[PDB]
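# Architecture at a glance
Residues per chain are reported as follows:
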Amino acid sequence: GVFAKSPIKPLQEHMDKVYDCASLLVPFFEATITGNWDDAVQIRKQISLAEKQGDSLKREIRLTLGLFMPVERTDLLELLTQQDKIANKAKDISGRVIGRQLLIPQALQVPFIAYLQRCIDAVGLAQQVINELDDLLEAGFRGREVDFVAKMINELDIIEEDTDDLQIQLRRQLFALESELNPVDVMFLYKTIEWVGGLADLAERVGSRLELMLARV
Amino acid sequence: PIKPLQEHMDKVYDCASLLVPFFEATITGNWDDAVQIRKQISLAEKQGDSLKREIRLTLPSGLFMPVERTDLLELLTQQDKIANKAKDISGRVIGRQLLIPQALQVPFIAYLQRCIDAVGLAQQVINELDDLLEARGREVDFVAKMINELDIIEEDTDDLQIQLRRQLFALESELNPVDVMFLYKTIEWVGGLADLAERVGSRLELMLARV
Amino acid sequence: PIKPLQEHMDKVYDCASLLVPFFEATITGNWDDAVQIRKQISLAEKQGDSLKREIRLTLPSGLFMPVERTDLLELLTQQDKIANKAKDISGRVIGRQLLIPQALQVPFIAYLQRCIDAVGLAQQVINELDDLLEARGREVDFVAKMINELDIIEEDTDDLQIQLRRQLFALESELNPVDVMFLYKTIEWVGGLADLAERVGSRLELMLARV
Amino acid sequence: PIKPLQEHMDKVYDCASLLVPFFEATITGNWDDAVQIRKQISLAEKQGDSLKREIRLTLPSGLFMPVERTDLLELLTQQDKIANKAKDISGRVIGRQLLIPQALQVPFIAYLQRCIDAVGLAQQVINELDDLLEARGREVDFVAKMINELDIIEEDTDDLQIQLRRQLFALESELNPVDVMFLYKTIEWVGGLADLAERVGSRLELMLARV
Amino acid sequence: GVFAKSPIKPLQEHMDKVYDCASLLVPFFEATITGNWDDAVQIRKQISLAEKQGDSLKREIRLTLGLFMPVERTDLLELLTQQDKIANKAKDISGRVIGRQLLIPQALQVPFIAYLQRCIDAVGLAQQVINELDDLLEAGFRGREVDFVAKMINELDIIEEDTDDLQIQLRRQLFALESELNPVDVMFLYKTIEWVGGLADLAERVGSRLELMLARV
Amino acid sequence: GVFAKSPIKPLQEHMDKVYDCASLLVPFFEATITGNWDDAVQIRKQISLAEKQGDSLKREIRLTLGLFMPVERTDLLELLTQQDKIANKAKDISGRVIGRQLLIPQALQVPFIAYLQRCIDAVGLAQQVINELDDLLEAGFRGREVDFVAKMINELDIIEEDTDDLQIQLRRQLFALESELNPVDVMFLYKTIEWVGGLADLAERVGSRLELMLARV
Ligand SMILES: [Cl-]
Ligand SMILES: [Cl-]
Ligand SMILES: [Cl-]
Ligand SMILES: [Cl-]
Ligand SMILES: [Cl-]
Ligand SMILES: [Cl-]
């Protein structure tokens, strides 16, 4: 028996774990880049642990989600589903990299890390908006919802512009290097870039679900 | 979200409650004071109506909310009827300078108070509702309790109502027939306060069944 | 899901139906028997109330369901009023030992029976409802039929009610004025059984319009 | 979607409005004409009932729609009660050849007209509703206005009702007690036209709170 | 202050812009095929402009979407989301082609353009059904909805059959040519075919959303 | 005029057809592995037939889906949509294999068939839960729903663990063989593995939809 909590709290705790999980991809890739595969394997164990922890929070929620409630149970589940995908993506990406001992070519290392970080920043915005949501639930009234969405869109546009530029730069550099590499490796590098971008796509879906919830009120 | 409804119910209860000292004044022949108490009843009704107006013009503006706007409006409508009923009853009594016959006085007041008690139960359940909103399965216990408490009040008011009508029946031959009919109407109107309170509980119950 | 409501409606119909032999007893001066029949009426009401309580404390616990929990509760509330009305009417009649004047006796019973018939139609539609639930387009035919059947009953009860009031009016000068008013009230109360039955049909109709 | 409801409300208003010339006929001792006017009242009620039947058998068949089918049905039910009330009142008056005492005649007609005016407000809001449907935030102004207009009508009808009952009370000793009670009942029934109109507004308000 | 408009009108105007955006892929690819990369770049600027314009209409709708209304706000948003993806797909595809100066092999040029056009035709059907929807909203009654859906399915089956045949033909010809090409280019040609097909998949989702809306009434 | 049937029955009959369709992939691949392409073509004709049959059941449902009903029409449609994708996936996969006469390398044959079978088992669980759903609709009460979901999650976790292990093993073996193969073939083998896994992903979505339905009650 604790004090009253938002119906959104368990979702926020899940998002926080997910973000921690995705965040670990930076040091994971940084390890792969210095050639320390033993450390990369240990960081992947941290990713796997965070994903397992998220999965437990997710199970808890699915078997618990309720009487009088200010949001739809189904919207919370749909939100949980998208958040969960982010942690699985991070686990999957890191697994494929360990699996192929995939080395990001020297010339692409700096921009790749910048791109990866900006994609993780998108997850960060998703975390931010899910936390900022208590403010609307605790207070809120016809209108404050519109400002919230407008802000969310402004912040996502900024992140998308940067991630789009970095993704182009990265693909342009890879394209210049193709002739120096094995074609299967080349394809897996493009796939890695795409998978990383998927972290940001998934984060956008989180925000879309929030937006749909706000549009039912 | 329930807070403004609770404030309105409180005002409505205060309005209806004044019927006891109102009637007590008439019974001691204090018509000047009964007129003053009716002024307090009218004021409470007017204040209630203001709270009602504000809720009606605000609720629509509500965003995320744990109960239906429409359920709150329906609840408000039922609550409001109670204050209006108290105002109407008191006005008819002043208008006819209606005298309760001596032998009915004590049981009439006991019956009126028990009908008010029914309004009190409605006030109590609307305030206990925060507990359910602030905190599945608990809704059934809450409804079981409200039903238990209402059954107790209903049994008592039914007995009192029977007793009172039996006594009036015995006296009819000593009274003017129009006066008699107005005495029966007064008993019926007072009973209506309890019927309206029951409706408030029903609306709460429907709200809880939607979750 | 409709089954418990059907069981309750059946009990309610049985309760209201007892008003015919109740009144027939009073009309033959059998006040001891009318008291016994009123005991059966009270018992049916009590049993109905129990079924009501169980539904209210269960419905909330319902999972997947083809009708709204709230519609079932609203239906239950209307059905319950019918038994309560029968209990109330019979109690007032015992209380005043109310005698229907000789010349009104036959038409009064015919009118009461026709009002009961309205309760019977409600019972019939609530039972025919399984057919619609067990099996789009068929809902319109069902409502067209209920309206047709009710129009027939309403026409007959309107005529009887007019006839009965016309006869009482002709007799007023030979009776005590309070007794007269109670005779008009009794006619009105009996008519209310049909009004309540109509409300049961309306709630069914709303349920069907949600689909 | 609101159009058929508007047509029905218009018919209902026409039906209730005929109570003024109906009563005026009785007051000038024109019982043959009052019977003819009651025939017009019955006809309007019958036409209203037909429109009602068609809506009930059609609404269900509706596809995409900006309001709830159930809200429209509930609105229709309340509107219909007004025509039925006018028909019932007029029938009781013919049946008893009820004479309003001379001194109450003018204020009675003023009171009846003001109660009709309440029906008129309902008719007006149901027609202004297209404006809201054809075109967020505007719903609050619409409800604020309806409340303002109703408060004005209610104040006037309350005053008239008080005046009329005060005058009847002063005359009771000169009249037959049953006749007196029927005069009070008539005043109450007429007031009910305004109560029903208020319910029509409430249903509109609930519809607007769902959006 | 104009005359009454359908709640669907702003969605129709967005769909129209989206279709215009996707449509530009034909002349875009036609330019790449004659080897005029300067013109292809200029046509991509037209695609990018149409996507930016759509994005503004989309923002407008998201910050506006309402009182009494014949459809669910959330269904409109979900519809908008799918329509938006079509314009982004067109912008993304054209960007990758400019990025790699991707040349469709001679033998595949004619069938590729036919396939691309038929995929754009699917978008066209989506536009058609969104416009035809006013008819159901303006009139409509239990039943007219079923004929609408049946028609929609018939028309989509026809387009799907053709696009499936063209996609097979195109892949079969590419497969015969693989030995003459660089393997990375080969993979990007298959990807291009897939991305183009995605225009039709997205269009189908638009129709699915409409179908779900009709099923709530 | 038959006896009363669950609103879920037509969906169950569709799922059954879908499962039959996906199931045919085992003998289809087994034929491709013994080198009997004539038989593989005949088995694909059986797959195509099952998909066409499913498509007809689907059309029937879409043009029929109702008065009083214990579930949302829209949830049934959304469920149908996911089930349909499984049959299309099976038809698409088999078509690409016939198209390229794609041979699974000897060393990967046994594990590939095991993996394919376990993915089909996921479809099997989806079929199981859709059939078990009548039990909840026929009886059921606040609470039995939670046990149903908990069971579903337990069973899916088991299948996912196995499919994840088999997928890793299979990719690890392919990675060891890459140097012996044409790079385009290599990419298509990875794609095949991914597409097969997609059968299980689609099956999971079926279960997610069921879970959302149960969460509205
Ligand atoms: Cl790529
Ligand atoms: Cl009485
Ligand atoms: Cl009467
Ligand atoms: Cl009165
Ligand atoms: Cl491909
Ligand atoms: Cl892969």
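Calculation notes
- Residues numbered from 1 in each chain as written, not as in the entry; some residues may be left out.
- Chains lettered and ligands numbered in written order.
- Heavy atoms only, no water.
- Residues with missing side-chain atoms left out of burial classes, pairs and counts.
- UniProt positions renumbered as here; feature names shortened; annotations may be inferred.
- Helix = DSSP H or I, 4+ residues; strand = E, 2+ residues; numbered from the N terminus.
- Rg over C-alpha atoms; globule rule 2.2 N^0.38 Å.
- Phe/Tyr/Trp six-rings, centres within 6.5 Å; stacked < 30°, edge-to-face > 60°.
- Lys NZ or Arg CZ within 6 Å of the ring centre and 35° of its normal.
- Axes fitted to C-alpha atoms, helices over the stretch in contact; angles between N-to-C directions.
- Parallel < 35°, antiparallel > 145°, perpendicular 65-115°, else oblique.
- Left-handed = near helix turned anticlockwise from the far one by under 90°.
- Contact = heavy atoms within 4.5 Å.
- Nonpolar A, V, L, I, M, F, W, Y, C, P; charged D, E, K, R; others polar.
- Polar contact = N/O pair within 3.5 Å; in protein donor to acceptor, adjacent residues only side chain to side chain.
- Least-squares fit on C-alpha atoms.
- Expected span 1.5 Å × (residues − 1).
- Salt bridge = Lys/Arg side-chain N within 4 Å of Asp/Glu carboxyl O.

According to its PDB record, this entry is titled "Crystal structure of a phou-like protein (so_3770) from shewanella oneidensis mr-1 at 2.00 A resolution". Listed under Sequence similarities (unreviewed entry) in UniProt, the entry text for chain A is "Belongs to the UPF0111 family."

Regarding chain B, the relevant UniProt record gives this comment under Sequence similarities (unreviewed entry): "Belongs to the UPF0111 family."

### Focus on the overall build of chain A
Along chain A, the regular secondary structure elements total seven helices and zero strands. Of the regular secondary structure in chain A, the N- to C-terminal order runs α-α-α-α-α-α-α. Taken over the C-alpha trace, chain A has a radius of gyration of 19 Å; the compact-globule value for 217 residues is 17 Å, and the two agree within 12%.

### Section: the overall build of chain B
A count of helical and extended segments in chain B gives seven helices and zero strands. Walking chain B from its N terminus toward its C terminus, one meets helices and strands in the order α-α-α-α-α-α-α. In terms of overall dimensions, chain B is globule-like: its C-alpha atoms have a radius of gyration of 19 Å, near the 17 Å expected for 211 residues. For chain B, the spread of C-alpha atoms along the principal axes amounts to about 60 × 35 × 20 Å.

### Concerning the packing of aromatic side chains
Centroid distance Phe 29 of chain E to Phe 112 of chain E: 5.0 Å. Interplanar angle 65 degrees. Geometry classified as edge-to-face. Over the ring of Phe 188 of chain F we find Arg 100 of chain F; its NZ or CZ atom is 4.1 Å from the centre of that ring.

### Observations concerning the packing of helix 4 (residues 69-96) of chain C against helix 7 (residues 177-210) of chain C
All names here are of chain C. Packing of helix 4 against helix 7 leaves a shortest axis separation of 9 Å and a crossing angle of 170 degrees. Regarding the angle of helix 4 to helix 7, the classification is roughly antiparallel. Relative to helix 7, helix 4 is oriented so that their crossing is left-handed.

### Looking at the interface of chain D and chain B
Between chain D and chain B, the residue contacts involve 21 residues of the former and 16 residues of the latter. Per element, the largest residue contribution to the side of chain D that touches chain B is ten residues, and it comes from helix 7 (residues 177-210) of chain D. For the side of chain D that touches chain B, the per-class residue count stands at 13 nonpolar, one polar and seven charged.

### Thoughts on the side chain of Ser 94 of chain A
Residue and element names in this part refer to chain A. Position of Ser 94 relative to the elements: it lies in helix 4 (residues 73-100). In this structure the side chain of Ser 94 is engaged in a polar contact, spanning 3.0 Å, whose partner is the backbone oxygen of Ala 90. The contact partners of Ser 94, leaving out residues within four places of it in the chain, are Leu 25, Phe 28, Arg 44 and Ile 47.

### Description of the relation of the copies chain D and chain B
In screw terms, the move from chain D to chain B is a rotation of 120 degrees and a rise of 0.0 Å along the axis, fitting with an RMSD of 0.0 Å. Taken together, these values place the two copies in the relation of a three-fold axis. Using C-alpha coordinates, one finds that chain D approaches the rotation axis most closely at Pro 177 of chain D, a distance of 3.8 Å. Taken as a fraction of all interface residues of chain D, those also at the interface in chain B reach only 10%, which identifies the copy contact as different-surface.

### Focus: helix 4 (residues 73-100) of chain E
In a regular helix each residue adds 1.5 Å, so 28 residues correspond to 40 Å; helix 4 of chain E covers 41 Å between its end C-alpha atoms and thus fits that length. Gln 101 of chain E occupies a position one or two residues after helix 4 of chain E and carries a positive phi of about 45 degrees.

### Details of unusual backbone geometry
Backbone geometry at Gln 101 of chain A places phi at a positive 45 degrees, although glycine is not the residue there. Positive phi, normally seen in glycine, also occurs at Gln 97 of chain B, with a value near 40 degrees. Considering the arrangement of structural elements, one finds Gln 97 of chain B in the loop between helix 4 (69-96) and helix 5 (102-134).

### Observations concerning the environment of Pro 66 of chain D
Tracing the backbone shows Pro 66 of chain D in the loop between helix 3 (31-58) and helix 4 (69-96). Measuring from C-alpha to C-alpha, the distance between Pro 66 of chain D and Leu 133 of chain D comes to 7.7 Å, with 67 residues separating the pair along the chain. In this structure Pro 66 of chain D touches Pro 1 of chain D together with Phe 68, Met 69 and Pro 70 of chain E, once residues within four positions along its chain are discounted.

### Structural notes on the interface of chain C and chain B
By a widely used convention, the size of an interface equals the accessible area lost when the partners come together. Across the contact, 16 residues belong to chain C and 21 residues belong to chain B. Within the residue set of the side of chain C that touches chain B, elements represented by two or more residues are helix 3 (31-58), helix 4 and helix 7 of chain C. Top element by residues in the side of chain C that touches chain B is helix 4 of chain C. It accounts for seven residues. Looking at the side of chain C that touches chain B residue by residue, the classes come out as seven nonpolar, two polar and seven charged.

### Digging into the environment of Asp 117 of chain D
Residues and elements named next belong to chain D. For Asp 117, the location among the structural elements is in helix 5 (residues 102-134). Separated by 100 residues in the primary sequence, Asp 117 and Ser 17 have C-alpha atoms spaced 8.8 Å apart. Among the polar contacts listed, one links the side chain of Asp 117 to the side chain of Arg 114, at a separation of 2.9 Å.

### Describing the packing of helix 1 (residues 3-17) of chain D against helix 4 of chain D
Residues and elements named next belong to chain D. Relative orientation of the contacting elements helix 1 and helix 4 amounts to 15 degrees, with a least axis distance of 8 Å. Looking at the two axes, helix 1 sits roughly parallel to helix 4. Between helix 1 and helix 4 the crossing geometry is left-handed. Across the interface between the two elements, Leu 5, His 8, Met 9, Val 12, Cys 15 and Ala 16 of helix 1 pack against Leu 72, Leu 75, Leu 76, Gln 79, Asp 80, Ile 82, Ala 83 and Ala 86 of helix 4.

### With respect to the pattern of salt bridges
The partner of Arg 203 of chain B in a salt bridge is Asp 71 of chain B, and the shortest N-O contact between them spans 2.9 Å. In this structure, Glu 211 of chain E engages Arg 62 of chain F in a salt bridge whose closest nitrogen and oxygen atoms are separated by 2.9 Å. Separated into two different chains, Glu 211 of chain E in helix 7 (residues 183-214) and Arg 62 of chain F in helix 3 (residues 37-64) make up a pair that spans both. Put simply, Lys 191 and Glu 194 of chain A, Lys 191 and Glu 194 of chain E together with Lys 191 and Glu 194 of chain F are held in one network by salt bridges that share partners.

### Comments concerning the environment of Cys 15 of chain D
All names here are of chain D. Its location among the elements puts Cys 15 in helix 1. Separated by 43 residues in the primary sequence, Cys 15 and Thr 58 have C-alpha atoms spaced 24 Å apart. Contact partners of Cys 15, with chain neighbours within four places excluded, come to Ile 41, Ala 44, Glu 45, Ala 83 and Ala 86.

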